[PDB]
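Asks: My questions will all concern the structure given below.
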Amino acid sequence: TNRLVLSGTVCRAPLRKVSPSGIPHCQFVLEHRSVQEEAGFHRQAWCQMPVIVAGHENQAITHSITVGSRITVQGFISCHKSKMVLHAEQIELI
Amino acid sequence: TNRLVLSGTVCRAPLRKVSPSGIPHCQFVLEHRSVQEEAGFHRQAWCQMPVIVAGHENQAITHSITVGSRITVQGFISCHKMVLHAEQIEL
């Protein structure tokens with residue numbers, strides 16, 4: 001299983017490219033901040049998560065995303081060298 | 001929402017630690033590798049995720065895990081470098 005569901009405020013606006021083969025993709029950064037319960041106590045959770053939205057079907061929604069937009073992204077995490085990226089599969093606005 | 005569900009092989013053996021205040025928790029590293037669909041193509045996904053297990057109710061499970069154990073962990077992520085704060089662990 002590889003499923004991350006993460007809500008946050010967009011802190012870098014989408015940058016958009018099309019691969020040579022014609023695959024559209026845009027990248028932005030998603031800032032999450034919340035209070036989470038852990039072992040009966042509350043702790044602040046925070047992350048700036050890079051998000052990639054690849055493929056034709058999810059591009060239209062990304063044009064409503066700007067810095068300040070509140071969204072939830074559901075997808076899978078991928079790590080390179082150690083930088084992480086959330087690869088979006090569903091995006092919910094507000 | 002802040003929910004990560006991630007399966008993998010333990011690649012660093014669990015250690016049982018204490019906070020400055022003396023609060024116990026267990027930690028290990030989880031190596032994930034999978035094949036995911038993206039834009040109609042198959043793409044490899046990998047991550048080595050540090051995991052924190054602070055619930056004492058999870059101590060029996062975390063003691064049966066060694067390097068090589070296959071597990072699924074669910075919890076919330078926080079960036080301190082990312083760490084998965086485990087709420088459930090399934091063997």
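Each chain in the structure tokens gets a letter, A, B, ..., in the order shown, and its residues are numbered from 1; ligands are numbered from 1 in order too.
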Determine which residues of region 7-69 of chain B DSSP labels as helix (DSSP H, G or I) from the backbone of this structure, then write them out as number ranges by chain.

Replies: B: 56-63

Asks: Please return, as a PyMOL selection string, all residues of chain B lying within 9 Å of chain A when only C-alpha atoms are considered.

Replies: chain B and resi 1-8+32-34+36+38-40+44-48+53-57+72+75-82+85-87

Asks: Please list as an MDAnalysis selection string every residue within 6 Å of residue 27 (chain A), counting only C-alpha atoms and excluding residues in the same chain fewer than 3 positions away.

Replies: chainID A and resid 14:15 51:52

Asks: Write out as number ranges by chain which residues come within 9 Å of residue 10 (chain A) when counting only C-alpha atoms, dropping same-chain ones fewer than 6 positions away.

Replies: A: 28-32, 48, 65-71

Asks: One decimal, in Å: what's the spacing between CA of residue 88 (chain B) and CA of residue 58 (chain B)?

Replies: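 Result for CA of residue 88 (chain B) versus CA of residue 58 (chain B): 7.7 Å, one decimal.
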
Asks: Would you mind listing what lies within 10 Å of residue 17 (chain B) as a VMD selection string, with only C-alpha atoms counted and same-chain residues fewer than 5 positions away left out?

Replies: chain B and resid 22 to 27 52 54

Asks: May I have the selected residues written with N, CA and C atoms, as a short mmCIF file (atom, residue, chain, number, x, y, z; two decimals), in the first residue's frame?

Replies:
data_model
loop_
_atom_site.label_atom_id
_atom_site.label_comp_id
_atom_site.auth_asym_id
_atom_site.auth_seq_id
_atom_site.Cartn_x
_atom_site.Cartn_y
_atom_site.Cartn_z
N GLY B 22 11.25 11.65 29.52
CA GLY B 22 11.23 10.25 29.88
C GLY B 22 10.10 9.43 29.29
N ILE B 23 9.45 9.92 28.24
CA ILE B 23 8.29 9.26 27.65
C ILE B 23 8.79 8.24 26.63
N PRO B 24 8.46 6.96 26.77
CA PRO B 24 8.97 5.95 25.85
C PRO B 24 8.24 5.91 24.52
N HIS B 25 9.01 5.57 23.48
CA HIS B 25 8.50 5.35 22.14
C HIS B 25 9.51 4.48 21.41
N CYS B 26 9.03 3.82 20.37
CA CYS B 26 9.86 2.95 19.54
C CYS B 26 10.02 3.61 18.18
N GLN B 27 11.18 3.39 17.55
CA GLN B 27 11.46 3.91 16.22
C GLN B 27 12.21 2.90 15.36
N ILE B 52 7.83 6.50 13.96
CA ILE B 52 7.74 6.65 15.41
C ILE B 52 6.49 5.92 15.88
N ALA B 54 4.55 5.57 19.32
CA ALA B 54 4.51 6.11 20.67
C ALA B 54 3.47 5.42 21.54
#

Asks: As number ranges by chain, please: every residue in chain B that DSSP puts in strand (DSSP E or B).

Replies: B: 2-18, 24-38, 41-53, 70-79, 82-90

Asks: Which residue out of B:67, B:29, B:91, B:15 has the minimum interatomic distance to residue 49 (chain B) when only C-alpha atoms are used?

Replies: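 Using only C-alpha atoms, residue 49 (chain B) sits closest to B:29.
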